[PDB]
$ cat input_27.cif   # mmCIF, N, CA and C atoms
data_run
#
loop_
_atom_site.group_PDB
_atom_site.id
_atom_site.type_symbol
_atom_site.label_atom_id
_atom_site.label_comp_id
_atom_site.auth_asym_id
_atom_site.auth_seq_id
_atom_site.Cartn_x
_atom_site.Cartn_y
_atom_site.Cartn_z
ATOM 1 N N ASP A 3 -6.522 -59.954 -27.091
ATOM 2 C CA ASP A 3 -7.115 -60.771 -28.148
ATOM 3 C C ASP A 3 -7.801 -59.896 -29.195
ATOM 4 N N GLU A 4 -7.010 -59.431 -30.162
ATOM 5 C CA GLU A 4 -7.509 -58.466 -31.140
ATOM 6 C C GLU A 4 -8.577 -59.072 -32.029
ATOM 7 N N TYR A 5 -8.330 -60.285 -32.520
ATOM 8 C CA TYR A 5 -9.282 -60.913 -33.426
ATOM 9 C C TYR A 5 -10.628 -61.103 -32.745
ATOM 10 N N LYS A 6 -10.592 -61.579 -31.519
ATOM 11 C CA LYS A 6 -11.849 -61.791 -30.783
ATOM 12 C C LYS A 6 -12.601 -60.463 -30.631
ATOM 13 N N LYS A 7 -11.899 -59.390 -30.300
ATOM 14 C CA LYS A 7 -12.548 -58.096 -30.103
ATOM 15 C C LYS A 7 -13.295 -57.657 -31.357
ATOM 16 N N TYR A 8 -12.633 -57.716 -32.516
ATOM 17 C CA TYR A 8 -13.285 -57.299 -33.755
ATOM 18 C C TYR A 8 -14.398 -58.261 -34.142
ATOM 19 N N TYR A 9 -14.185 -59.558 -33.908
ATOM 20 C CA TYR A 9 -15.214 -60.556 -34.185
ATOM 21 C C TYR A 9 -16.486 -60.251 -33.401
ATOM 22 N N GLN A 10 -16.351 -60.047 -32.091
ATOM 23 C CA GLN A 10 -17.535 -59.782 -31.278
ATOM 24 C C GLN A 10 -18.200 -58.469 -31.678
ATOM 25 N N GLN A 11 -17.405 -57.447 -32.013
ATOM 26 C CA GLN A 11 -17.980 -56.182 -32.466
ATOM 27 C C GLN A 11 -18.759 -56.357 -33.766
ATOM 28 N N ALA A 12 -18.227 -57.155 -34.691
ATOM 29 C CA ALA A 12 -18.912 -57.380 -35.961
ATOM 30 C C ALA A 12 -20.191 -58.181 -35.765
ATOM 31 N N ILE A 13 -20.165 -59.159 -34.855
ATOM 32 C CA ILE A 13 -21.359 -59.952 -34.554
ATOM 33 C C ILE A 13 -22.486 -59.057 -34.056
ATOM 34 N N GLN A 14 -22.178 -58.132 -33.141
ATOM 35 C CA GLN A 14 -23.242 -57.286 -32.608
ATOM 36 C C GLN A 14 -23.786 -56.341 -33.674
ATOM 37 N N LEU A 15 -22.922 -55.864 -34.572
ATOM 38 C CA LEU A 15 -23.390 -54.972 -35.630
ATOM 39 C C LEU A 15 -24.262 -55.713 -36.637
ATOM 40 N N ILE A 16 -23.883 -56.948 -36.982
ATOM 41 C CA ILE A 16 -24.690 -57.753 -37.904
ATOM 42 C C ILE A 16 -26.061 -58.029 -37.308
ATOM 43 N N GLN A 17 -26.100 -58.428 -36.031
ATOM 44 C CA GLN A 17 -27.374 -58.699 -35.373
ATOM 45 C C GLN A 17 -28.231 -57.443 -35.275
ATOM 46 N N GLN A 18 -27.606 -56.291 -35.022
ATOM 47 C CA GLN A 18 -28.355 -55.040 -34.997
ATOM 48 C C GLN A 18 -28.876 -54.686 -36.386
ATOM 49 N N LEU A 19 -28.035 -54.861 -37.407
ATOM 50 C CA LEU A 19 -28.459 -54.596 -38.778
ATOM 51 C C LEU A 19 -29.627 -55.489 -39.175
ATOM 52 N N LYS A 20 -29.555 -56.780 -38.822
ATOM 53 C CA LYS A 20 -30.622 -57.712 -39.177
ATOM 54 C C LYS A 20 -31.974 -57.247 -38.657
ATOM 55 N N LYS A 21 -32.000 -56.625 -37.471
ATOM 56 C CA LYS A 21 -33.258 -56.147 -36.904
ATOM 57 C C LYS A 21 -33.970 -55.178 -37.836
ATOM 58 N N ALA A 22 -33.205 -54.408 -38.596
ATOM 59 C CA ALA A 22 -33.771 -53.412 -39.532
ATOM 60 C C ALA A 22 -33.972 -53.961 -40.947
ATOM 61 N N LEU A 23 -33.998 -55.280 -41.157
ATOM 62 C CA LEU A 23 -34.075 -55.874 -42.528
ATOM 63 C C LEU A 23 -35.283 -56.802 -42.648
ATOM 64 N N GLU A 24 -36.301 -56.568 -41.826
ATOM 65 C CA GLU A 24 -37.461 -57.488 -41.799
ATOM 66 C C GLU A 24 -38.105 -57.644 -43.193
ATOM 67 N N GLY A 25 -38.267 -56.575 -43.960
ATOM 68 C CA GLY A 25 -38.960 -56.722 -45.254
ATOM 69 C C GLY A 25 -38.032 -56.599 -46.450
ATOM 70 N N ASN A 26 -36.751 -56.836 -46.224
ATOM 71 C CA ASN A 26 -35.768 -56.703 -47.311
ATOM 72 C C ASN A 26 -35.091 -58.031 -47.391
ATOM 73 N N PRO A 27 -35.644 -59.206 -48.099
ATOM 74 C CA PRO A 27 -35.129 -60.588 -48.123
ATOM 75 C C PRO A 27 -33.723 -60.727 -48.681
ATOM 76 N N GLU A 28 -33.377 -59.997 -49.746
ATOM 77 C CA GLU A 28 -32.026 -60.109 -50.294
ATOM 78 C C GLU A 28 -30.989 -59.603 -49.300
ATOM 79 N N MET A 29 -31.283 -58.486 -48.634
ATOM 80 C CA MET A 29 -30.376 -57.974 -47.613
ATOM 81 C C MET A 29 -30.247 -58.949 -46.447
ATOM 82 N N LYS A 30 -31.369 -59.517 -46.001
ATOM 83 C CA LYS A 30 -31.327 -60.501 -44.923
ATOM 84 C C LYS A 30 -30.458 -61.693 -45.303
ATOM 85 N N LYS A 31 -30.621 -62.207 -46.524
ATOM 86 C CA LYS A 31 -29.795 -63.325 -46.970
ATOM 87 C C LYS A 31 -28.322 -62.951 -46.968
ATOM 88 N N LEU A 32 -27.994 -61.740 -47.424
ATOM 89 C CA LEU A 32 -26.594 -61.331 -47.458
ATOM 90 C C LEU A 32 -26.038 -61.164 -46.050
ATOM 91 N N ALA A 33 -26.841 -60.617 -45.134
ATOM 92 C CA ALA A 33 -26.391 -60.481 -43.751
ATOM 93 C C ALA A 33 -26.160 -61.847 -43.117
ATOM 94 N N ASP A 34 -27.069 -62.796 -43.366
ATOM 95 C CA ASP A 34 -26.880 -64.163 -42.887
ATOM 96 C C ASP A 34 -25.616 -64.782 -43.471
ATOM 97 N N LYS A 35 -25.321 -64.476 -44.737
ATOM 98 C CA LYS A 35 -24.112 -64.991 -45.375
ATOM 99 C C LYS A 35 -22.859 -64.388 -44.751
ATOM 100 N N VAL A 36 -22.876 -63.083 -44.478
ATOM 101 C CA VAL A 36 -21.746 -62.452 -43.799
ATOM 102 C C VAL A 36 -21.527 -63.097 -42.433
ATOM 103 N N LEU A 37 -22.612 -63.309 -41.692
ATOM 104 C CA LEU A 37 -22.500 -63.910 -40.366
ATOM 105 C C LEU A 37 -21.909 -65.315 -40.446
ATOM 106 N N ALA A 38 -22.372 -66.118 -41.408
ATOM 107 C CA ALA A 38 -21.896 -67.494 -41.535
ATOM 108 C C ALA A 38 -20.403 -67.539 -41.836
ATOM 109 N N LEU A 39 -19.950 -66.676 -42.748
ATOM 110 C CA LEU A 39 -18.546 -66.644 -43.148
ATOM 111 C C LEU A 39 -17.666 -66.081 -42.040
ATOM 112 N N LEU A 40 -18.173 -65.087 -41.310
ATOM 113 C CA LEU A 40 -17.452 -64.561 -40.155
ATOM 114 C C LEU A 40 -17.209 -65.650 -39.114
ATOM 115 N N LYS A 41 -18.221 -66.481 -38.845
ATOM 116 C CA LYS A 41 -18.043 -67.584 -37.903
ATOM 117 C C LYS A 41 -17.070 -68.627 -38.441
ATOM 118 N N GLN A 42 -17.142 -68.922 -39.740
ATOM 119 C CA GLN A 42 -16.204 -69.880 -40.318
ATOM 120 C C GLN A 42 -14.780 -69.346 -40.265
ATOM 121 N N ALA A 43 -14.609 -68.046 -40.517
ATOM 122 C CA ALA A 43 -13.279 -67.453 -40.467
ATOM 123 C C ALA A 43 -12.699 -67.520 -39.061
ATOM 124 N N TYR A 44 -13.515 -67.228 -38.045
ATOM 125 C CA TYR A 44 -13.031 -67.294 -36.670
ATOM 126 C C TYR A 44 -12.721 -68.733 -36.265
ATOM 127 N N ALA A 45 -13.512 -69.694 -36.753
ATOM 128 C CA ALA A 45 -13.225 -71.105 -36.504
ATOM 129 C C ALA A 45 -11.901 -71.521 -37.142
ATOM 130 N N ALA A 46 -11.668 -71.094 -38.387
ATOM 131 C CA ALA A 46 -10.387 -71.374 -39.034
ATOM 132 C C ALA A 46 -9.235 -70.751 -38.254
ATOM 133 N N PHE A 47 -9.444 -69.538 -37.741
ATOM 134 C CA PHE A 47 -8.421 -68.850 -36.957
ATOM 135 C C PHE A 47 -8.111 -69.608 -35.675
ATOM 136 N N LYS A 48 -9.151 -70.019 -34.943
ATOM 137 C CA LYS A 48 -8.942 -70.757 -33.703
ATOM 138 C C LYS A 48 -8.295 -72.111 -33.964
ATOM 139 N N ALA A 49 -8.638 -72.741 -35.085
ATOM 140 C CA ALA A 49 -8.122 -74.062 -35.412
ATOM 141 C C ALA A 49 -6.702 -74.030 -35.967
ATOM 142 N N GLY A 50 -6.106 -72.851 -36.125
ATOM 143 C CA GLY A 50 -4.743 -72.768 -36.613
ATOM 144 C C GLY A 50 -4.585 -73.010 -38.096
ATOM 145 N N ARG A 51 -5.585 -72.646 -38.880
ATOM 146 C CA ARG A 51 -5.466 -72.842 -40.337
ATOM 147 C C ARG A 51 -4.535 -71.795 -40.962
ATOM 148 N N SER A 52 -4.269 -71.937 -42.241
ATOM 149 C CA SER A 52 -3.356 -71.051 -42.936
ATOM 150 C C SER A 52 -3.932 -69.645 -43.020
ATOM 151 N N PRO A 53 -3.080 -68.624 -43.095
ATOM 152 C CA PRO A 53 -3.582 -67.276 -43.393
ATOM 153 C C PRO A 53 -4.423 -67.240 -44.658
ATOM 154 N N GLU A 54 -4.065 -68.061 -45.654
ATOM 155 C CA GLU A 54 -4.821 -68.100 -46.902
ATOM 156 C C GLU A 54 -6.255 -68.553 -46.671
ATOM 157 N N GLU A 55 -6.441 -69.594 -45.858
ATOM 158 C CA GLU A 55 -7.783 -70.098 -45.589
ATOM 159 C C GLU A 55 -8.612 -69.071 -44.836
ATOM 160 N N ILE A 56 -8.029 -68.449 -43.810
ATOM 161 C CA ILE A 56 -8.752 -67.441 -43.044
ATOM 162 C C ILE A 56 -9.133 -66.267 -43.942
ATOM 163 N N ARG A 57 -8.185 -65.809 -44.760
ATOM 164 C CA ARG A 57 -8.439 -64.640 -45.596
ATOM 165 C C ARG A 57 -9.414 -64.941 -46.724
ATOM 166 N N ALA A 58 -9.449 -66.184 -47.213
ATOM 167 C CA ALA A 58 -10.436 -66.535 -48.230
ATOM 168 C C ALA A 58 -11.847 -66.399 -47.679
ATOM 169 N N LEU A 59 -12.066 -66.888 -46.458
ATOM 170 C CA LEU A 59 -13.370 -66.763 -45.819
ATOM 171 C C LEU A 59 -13.713 -65.302 -45.560
ATOM 172 N N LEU A 60 -12.741 -64.524 -45.084
ATOM 173 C CA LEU A 60 -12.998 -63.110 -44.825
ATOM 174 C C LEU A 60 -13.220 -62.339 -46.120
ATOM 175 N N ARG A 61 -12.497 -62.701 -47.183
ATOM 176 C CA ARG A 61 -12.722 -62.058 -48.476
ATOM 177 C C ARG A 61 -14.142 -62.309 -48.967
ATOM 178 N N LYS A 62 -14.609 -63.555 -48.866
ATOM 179 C CA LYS A 62 -15.989 -63.858 -49.228
ATOM 180 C C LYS A 62 -16.969 -63.067 -48.363
ATOM 181 N N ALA A 63 -16.655 -62.914 -47.075
ATOM 182 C CA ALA A 63 -17.510 -62.124 -46.196
ATOM 183 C C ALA A 63 -17.522 -60.661 -46.621
ATOM 184 N N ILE A 64 -16.354 -60.124 -46.980
ATOM 185 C CA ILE A 64 -16.258 -58.727 -47.391
ATOM 186 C C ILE A 64 -17.053 -58.484 -48.667
ATOM 187 N N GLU A 65 -16.960 -59.404 -49.634
ATOM 188 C CA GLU A 65 -17.698 -59.228 -50.885
ATOM 189 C C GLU A 65 -19.205 -59.246 -50.652
ATOM 190 N N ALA A 66 -19.681 -60.134 -49.777
ATOM 191 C CA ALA A 66 -21.101 -60.151 -49.442
ATOM 192 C C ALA A 66 -21.508 -58.882 -48.700
ATOM 193 N N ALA A 67 -20.659 -58.419 -47.778
ATOM 194 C CA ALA A 67 -20.962 -57.198 -47.041
ATOM 195 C C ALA A 67 -20.974 -55.978 -47.953
ATOM 196 N N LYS A 68 -20.177 -55.997 -49.028
ATOM 197 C CA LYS A 68 -20.213 -54.894 -49.984
ATOM 198 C C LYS A 68 -21.519 -54.891 -50.765
ATOM 199 N N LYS A 69 -22.019 -56.070 -51.142
ATOM 200 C CA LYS A 69 -23.330 -56.137 -51.784
ATOM 201 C C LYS A 69 -24.418 -55.671 -50.829
ATOM 202 N N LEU A 70 -24.289 -56.028 -49.552
ATOM 203 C CA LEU A 70 -25.251 -55.583 -48.551
ATOM 204 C C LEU A 70 -25.209 -54.071 -48.387
ATOM 205 N N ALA A 71 -24.003 -53.497 -48.326
ATOM 206 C CA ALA A 71 -23.879 -52.050 -48.172
ATOM 207 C C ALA A 71 -24.458 -51.316 -49.373
ATOM 208 N N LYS A 72 -24.275 -51.870 -50.565
ATOM 209 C CA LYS A 72 -24.807 -51.198 -51.776
ATOM 210 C C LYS A 72 -26.338 -51.157 -51.708
ATOM 211 N N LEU A 73 -26.945 -52.260 -51.330
ATOM 212 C CA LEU A 73 -28.388 -52.241 -51.099
ATOM 213 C C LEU A 73 -28.756 -51.286 -49.970
ATOM 214 N N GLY A 74 -27.948 -51.253 -48.906
ATOM 215 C CA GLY A 74 -28.229 -50.359 -47.794
ATOM 216 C C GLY A 74 -28.108 -48.888 -48.145
ATOM 217 N N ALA A 75 -27.290 -48.558 -49.148
ATOM 218 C CA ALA A 75 -27.234 -47.172 -49.605
ATOM 219 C C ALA A 75 -28.584 -46.705 -50.133
ATOM 220 N N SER A 76 -29.372 -47.615 -50.716
ATOM 221 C CA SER A 76 -30.693 -47.263 -51.228
ATOM 222 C C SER A 76 -31.803 -47.454 -50.201
ATOM 223 N N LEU A 77 -31.737 -48.502 -49.383
ATOM 224 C CA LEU A 77 -32.866 -48.887 -48.544
ATOM 225 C C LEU A 77 -32.638 -48.649 -47.059
ATOM 226 N N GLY A 78 -31.446 -48.239 -46.660
ATOM 227 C CA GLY A 78 -31.140 -48.066 -45.254
ATOM 228 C C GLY A 78 -30.267 -49.186 -44.721
ATOM 229 N N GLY A 79 -29.427 -48.850 -43.737
ATOM 230 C CA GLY A 79 -28.482 -49.799 -43.177
ATOM 231 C C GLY A 79 -27.052 -49.632 -43.644
ATOM 232 N N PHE A 80 -26.760 -48.581 -44.413
ATOM 233 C CA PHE A 80 -25.434 -48.423 -44.997
ATOM 234 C C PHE A 80 -24.357 -48.250 -43.925
ATOM 235 N N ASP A 81 -24.603 -47.366 -42.954
ATOM 236 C CA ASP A 81 -23.572 -47.043 -41.972
ATOM 237 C C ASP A 81 -23.157 -48.279 -41.185
ATOM 238 N N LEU A 82 -24.126 -49.122 -40.819
ATOM 239 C CA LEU A 82 -23.790 -50.349 -40.110
ATOM 240 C C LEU A 82 -23.017 -51.300 -41.012
ATOM 241 N N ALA A 83 -23.451 -51.442 -42.265
ATOM 242 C CA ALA A 83 -22.762 -52.338 -43.190
ATOM 243 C C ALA A 83 -21.343 -51.862 -43.471
ATOM 244 N N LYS A 84 -21.153 -50.544 -43.580
ATOM 245 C CA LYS A 84 -19.824 -49.997 -43.829
ATOM 246 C C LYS A 84 -18.883 -50.289 -42.669
ATOM 247 N N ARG A 85 -19.379 -50.169 -41.439
ATOM 248 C CA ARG A 85 -18.541 -50.470 -40.286
ATOM 249 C C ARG A 85 -18.225 -51.961 -40.214
ATOM 250 N N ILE A 86 -19.182 -52.811 -40.599
ATOM 251 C CA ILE A 86 -18.927 -54.252 -40.645
ATOM 252 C C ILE A 86 -17.806 -54.564 -41.629
ATOM 253 N N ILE A 87 -17.833 -53.932 -42.805
ATOM 254 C CA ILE A 87 -16.762 -54.117 -43.787
ATOM 255 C C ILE A 87 -15.415 -53.722 -43.190
ATOM 256 N N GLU A 88 -15.374 -52.594 -42.477
ATOM 257 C CA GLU A 88 -14.115 -52.144 -41.888
ATOM 258 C C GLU A 88 -13.612 -53.135 -40.841
ATOM 259 N N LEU A 89 -14.526 -53.721 -40.067
ATOM 260 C CA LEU A 89 -14.135 -54.721 -39.076
ATOM 261 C C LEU A 89 -13.635 -56.002 -39.740
ATOM 262 N N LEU A 90 -14.311 -56.449 -40.806
ATOM 263 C CA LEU A 90 -13.839 -57.616 -41.553
ATOM 264 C C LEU A 90 -12.437 -57.385 -42.102
ATOM 265 N N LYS A 91 -12.161 -56.172 -42.585
ATOM 266 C CA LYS A 91 -10.827 -55.879 -43.099
ATOM 267 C C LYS A 91 -9.783 -55.885 -41.991
ATOM 268 N N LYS A 92 -10.155 -55.459 -40.782
ATOM 269 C CA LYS A 92 -9.221 -55.527 -39.664
ATOM 270 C C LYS A 92 -8.909 -56.975 -39.301
ATOM 271 N N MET A 93 -9.925 -57.841 -39.316
ATOM 272 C CA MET A 93 -9.683 -59.261 -39.076
ATOM 273 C C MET A 93 -8.856 -59.870 -40.201
ATOM 274 N N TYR A 94 -9.091 -59.428 -41.438
ATOM 275 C CA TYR A 94 -8.282 -59.889 -42.563
ATOM 276 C C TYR A 94 -6.801 -59.619 -42.324
ATOM 277 N N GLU A 95 -6.468 -58.412 -41.861
ATOM 278 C CA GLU A 95 -5.066 -58.088 -41.621
ATOM 279 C C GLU A 95 -4.467 -58.972 -40.535
ATOM 280 N N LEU A 96 -5.260 -59.333 -39.525
ATOM 281 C CA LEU A 96 -4.778 -60.184 -38.444
ATOM 282 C C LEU A 96 -4.692 -61.656 -38.828
ATOM 283 N N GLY A 97 -5.261 -62.051 -39.969
ATOM 284 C CA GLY A 97 -5.185 -63.446 -40.379
ATOM 285 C C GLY A 97 -3.770 -63.931 -40.620
ATOM 286 N N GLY A 98 -2.845 -63.013 -40.906
ATOM 287 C CA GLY A 98 -1.469 -63.367 -41.220
ATOM 288 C C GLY A 98 -0.622 -63.820 -40.051
ATOM 289 N N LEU A 99 -1.147 -63.736 -38.823
ATOM 290 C CA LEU A 99 -0.424 -64.251 -37.661
ATOM 291 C C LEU A 99 0.037 -65.686 -37.890
#
$ encode --input "input_27.cif" --output "structure tokens"
Amino acid sequence: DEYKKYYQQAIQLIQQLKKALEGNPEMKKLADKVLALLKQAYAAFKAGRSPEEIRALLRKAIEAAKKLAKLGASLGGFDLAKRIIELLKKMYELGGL
């Protein structure tokens, strides 16, 4: 189950990243947004939706994670955000099943 593996890995990285964002509200909001879209994408995947629907949710997640990583380049958290982006892109490729 490739999608599940990357999903669970991304969930743990997001939760770990959130721990380091206590006084950074914009980053916290973006991390919460990435988490919400990641869950919606996995729900669409489990429900048998179109590759387009799954990838739209993952694309929105990737764009939010890129904004998070840019903030993390200045304030900390970049390496975790960068790995989250890479995991989202791996799930994006699997959406075409």
$ resolve_selection --input "input_27.cif" --expression "the PyMOL selection byres ((chain A and resi 90) around 7)" --output "PyMOL selection string"
chain A and resi 8+12+60+63-64+85-89+91-95
$ resolve_selection --input "input_27.cif" --expression "the PyMOL selection byres (((chain A and resi 62 and name CA) around 12) and name CA)" --output "VMD selection string"
chain A and resid 32 35 to 40 42 to 43 55 to 61 63 to 69 87 90 to 91 94
$ write_last_selection --input "input_27.cif" --atoms "N, CA and C atoms" --output "PDB file, in the coordinates of the input"
ATOM      1  N   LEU A  32     -27.994 -61.740 -47.424  1.00  0.00           N
ATOM      2  CA  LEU A  32     -26.594 -61.331 -47.458  1.00  0.00           C
ATOM      3  C   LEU A  32     -26.038 -61.164 -46.050  1.00  0.00           C
ATOM      4  N   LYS A  35     -25.321 -64.476 -44.737  1.00  0.00           N
ATOM      5  CA  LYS A  35     -24.112 -64.991 -45.375  1.00  0.00           C
ATOM      6  C   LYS A  35     -22.859 -64.388 -44.751  1.00  0.00           C
ATOM      7  N   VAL A  36     -22.876 -63.083 -44.478  1.00  0.00           N
ATOM      8  CA  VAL A  36     -21.746 -62.452 -43.799  1.00  0.00           C
ATOM      9  C   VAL A  36     -21.527 -63.097 -42.433  1.00  0.00           C
ATOM     10  N   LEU A  37     -22.612 -63.309 -41.692  1.00  0.00           N
ATOM     11  CA  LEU A  37     -22.500 -63.910 -40.366  1.00  0.00           C
ATOM     12  C   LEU A  37     -21.909 -65.315 -40.446  1.00  0.00           C
ATOM     13  N   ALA A  38     -22.372 -66.118 -41.408  1.00  0.00           N
ATOM     14  CA  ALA A  38     -21.896 -67.494 -41.535  1.00  0.00           C
ATOM     15  C   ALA A  38     -20.403 -67.539 -41.836  1.00  0.00           C
ATOM     16  N   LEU A  39     -19.950 -66.676 -42.748  1.00  0.00           N
ATOM     17  CA  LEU A  39     -18.546 -66.644 -43.148  1.00  0.00           C
ATOM     18  C   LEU A  39     -17.666 -66.081 -42.040  1.00  0.00           C
ATOM     19  N   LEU A  40     -18.173 -65.087 -41.310  1.00  0.00           N
ATOM     20  CA  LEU A  40     -17.452 -64.561 -40.155  1.00  0.00           C
ATOM     21  C   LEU A  40     -17.209 -65.650 -39.114  1.00  0.00           C
ATOM     22  N   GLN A  42     -17.142 -68.922 -39.740  1.00  0.00           N
ATOM     23  CA  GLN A  42     -16.204 -69.880 -40.318  1.00  0.00           C
ATOM     24  C   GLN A  42     -14.780 -69.346 -40.265  1.00  0.00           C
ATOM     25  N   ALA A  43     -14.609 -68.046 -40.517  1.00  0.00           N
ATOM     26  CA  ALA A  43     -13.279 -67.453 -40.467  1.00  0.00           C
ATOM     27  C   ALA A  43     -12.699 -67.520 -39.061  1.00  0.00           C
ATOM     28  N   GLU A  55      -6.441 -69.594 -45.858  1.00  0.00           N
ATOM     29  CA  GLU A  55      -7.783 -70.098 -45.589  1.00  0.00           C
ATOM     30  C   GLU A  55      -8.612 -69.071 -44.836  1.00  0.00           C
ATOM     31  N   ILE A  56      -8.029 -68.449 -43.810  1.00  0.00           N
ATOM     32  CA  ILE A  56      -8.752 -67.441 -43.044  1.00  0.00           C
ATOM     33  C   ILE A  56      -9.133 -66.267 -43.942  1.00  0.00           C
ATOM     34  N   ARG A  57      -8.185 -65.809 -44.760  1.00  0.00           N
ATOM     35  CA  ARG A  57      -8.439 -64.640 -45.596  1.00  0.00           C
ATOM     36  C   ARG A  57      -9.414 -64.941 -46.724  1.00  0.00           C
ATOM     37  N   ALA A  58      -9.449 -66.184 -47.213  1.00  0.00           N
ATOM     38  CA  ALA A  58     -10.436 -66.535 -48.230  1.00  0.00           C
ATOM     39  C   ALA A  58     -11.847 -66.399 -47.679  1.00  0.00           C
ATOM     40  N   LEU A  59     -12.066 -66.888 -46.458  1.00  0.00           N
ATOM     41  CA  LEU A  59     -13.370 -66.763 -45.819  1.00  0.00           C
ATOM     42  C   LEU A  59     -13.713 -65.302 -45.560  1.00  0.00           C
ATOM     43  N   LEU A  60     -12.741 -64.524 -45.084  1.00  0.00           N
ATOM     44  CA  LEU A  60     -12.998 -63.110 -44.825  1.00  0.00           C
ATOM     45  C   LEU A  60     -13.220 -62.339 -46.120  1.00  0.00           C
ATOM     46  N   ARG A  61     -12.497 -62.701 -47.183  1.00  0.00           N
ATOM     47  CA  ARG A  61     -12.722 -62.058 -48.476  1.00  0.00           C
ATOM     48  C   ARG A  61     -14.142 -62.309 -48.967  1.00  0.00           C
ATOM     49  N   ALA A  63     -16.655 -62.914 -47.075  1.00  0.00           N
ATOM     50  CA  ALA A  63     -17.510 -62.124 -46.196  1.00  0.00           C
ATOM     51  C   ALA A  63     -17.522 -60.661 -46.621  1.00  0.00           C
ATOM     52  N   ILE A  64     -16.354 -60.124 -46.980  1.00  0.00           N
ATOM     53  CA  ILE A  64     -16.258 -58.727 -47.391  1.00  0.00           C
ATOM     54  C   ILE A  64     -17.053 -58.484 -48.667  1.00  0.00           C
ATOM     55  N   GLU A  65     -16.960 -59.404 -49.634  1.00  0.00           N
ATOM     56  CA  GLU A  65     -17.698 -59.228 -50.885  1.00  0.00           C
ATOM     57  C   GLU A  65     -19.205 -59.246 -50.652  1.00  0.00           C
ATOM     58  N   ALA A  66     -19.681 -60.134 -49.777  1.00  0.00           N
ATOM     59  CA  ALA A  66     -21.101 -60.151 -49.442  1.00  0.00           C
ATOM     60  C   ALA A  66     -21.508 -58.882 -48.700  1.00  0.00           C
ATOM     61  N   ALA A  67     -20.659 -58.419 -47.778  1.00  0.00           N
ATOM     62  CA  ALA A  67     -20.962 -57.198 -47.041  1.00  0.00           C
ATOM     63  C   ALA A  67     -20.974 -55.978 -47.953  1.00  0.00           C
ATOM     64  N   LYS A  68     -20.177 -55.997 -49.028  1.00  0.00           N
ATOM     65  CA  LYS A  68     -20.213 -54.894 -49.984  1.00  0.00           C
ATOM     66  C   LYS A  68     -21.519 -54.891 -50.765  1.00  0.00           C
ATOM     67  N   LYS A  69     -22.019 -56.070 -51.142  1.00  0.00           N
ATOM     68  CA  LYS A  69     -23.330 -56.137 -51.784  1.00  0.00           C
ATOM     69  C   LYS A  69     -24.418 -55.671 -50.829  1.00  0.00           C
ATOM     70  N   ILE A  87     -17.833 -53.932 -42.805  1.00  0.00           N
ATOM     71  CA  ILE A  87     -16.762 -54.117 -43.787  1.00  0.00           C
ATOM     72  C   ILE A  87     -15.415 -53.722 -43.190  1.00  0.00           C
ATOM     73  N   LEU A  90     -14.311 -56.449 -40.806  1.00  0.00           N
ATOM     74  CA  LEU A  90     -13.839 -57.616 -41.553  1.00  0.00           C
ATOM     75  C   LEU A  90     -12.437 -57.385 -42.102  1.00  0.00           C
ATOM     76  N   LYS A  91     -12.161 -56.172 -42.585  1.00  0.00           N
ATOM     77  CA  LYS A  91     -10.827 -55.879 -43.099  1.00  0.00           C
ATOM     78  C   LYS A  91      -9.783 -55.885 -41.991  1.00  0.00           C
ATOM     79  N   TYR A  94      -9.091 -59.428 -41.438  1.00  0.00           N
ATOM     80  CA  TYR A  94      -8.282 -59.889 -42.563  1.00  0.00           C
ATOM     81  C   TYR A  94      -6.801 -59.619 -42.324  1.00  0.00           C
TER      82      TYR A  94
END
$ closest_residue --input "input_27.cif" --among "A:19, A:4, A:30, A:11" --to "residue 80 (chain A)" --atoms "only C-alpha atoms"
A:19
$ resolve_selection --input "input_27.cif" --expression "the PyMOL selection byres (((chain A and resi 74 and name CA) around 12) and name CA)" --output "VMD selection string"
chain A and resid 19 to 20 22 to 23 26 28 to 30 32 to 33 67 to 73 75 to 84
$ select_by_dssp --input "input_27.cif" --residues "chain A" --states "alpha helix (DSSP H)" --output "PyMOL selection string"
chain A and resi 4-21+27-48+53-77+80-96
$ atom_distance --input "input_27.cif" --atom1 "CA of residue 17 (chain A)" --atom2 "atom C of residue 34 (chain A)"
10.3 Å
$ atom_distance --input "input_27.cif" --atom1 "CA of residue 16 (chain A)" --atom2 "CA of residue 45 (chain A)"
17.7 Å
$ atom_distance --input "input_27.cif" --atom1 "CA of residue 53 (chain A)" --atom2 "CA of residue 18 (chain A)"
28.9 Å
$ build_atoms --input "input_27.cif" --residues "region 19-24 of chain A" --atoms "N, CA, C and O atoms" --output "compact mmCIF listing (two decimals), keeping the file's coordinate frame"
# COMPACT_ATOMS: atom_id res chain seq x y z
N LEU A 19 -28.04 -54.86 -37.41
CA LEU A 19 -28.46 -54.60 -38.78
C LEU A 19 -29.63 -55.49 -39.17
O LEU A 19 -30.60 -55.03 -39.80
N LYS A 20 -29.56 -56.78 -38.82
CA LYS A 20 -30.62 -57.71 -39.18
C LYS A 20 -31.97 -57.25 -38.66
O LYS A 20 -32.99 -57.44 -39.33
N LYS A 21 -32.00 -56.62 -37.47
CA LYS A 21 -33.26 -56.15 -36.90
C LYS A 21 -33.97 -55.18 -37.84
O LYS A 21 -35.21 -55.14 -37.86
N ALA A 22 -33.20 -54.41 -38.60
CA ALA A 22 -33.77 -53.41 -39.53
C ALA A 22 -33.97 -53.96 -40.95
O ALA A 22 -34.21 -53.13 -41.82
N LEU A 23 -34.00 -55.28 -41.16
CA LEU A 23 -34.08 -55.87 -42.53
C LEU A 23 -35.28 -56.80 -42.65
O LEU A 23 -35.25 -57.72 -43.47
N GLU A 24 -36.30 -56.57 -41.83
CA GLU A 24 -37.46 -57.49 -41.80
C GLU A 24 -38.10 -57.64 -43.19
O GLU A 24 -38.44 -58.77 -43.54
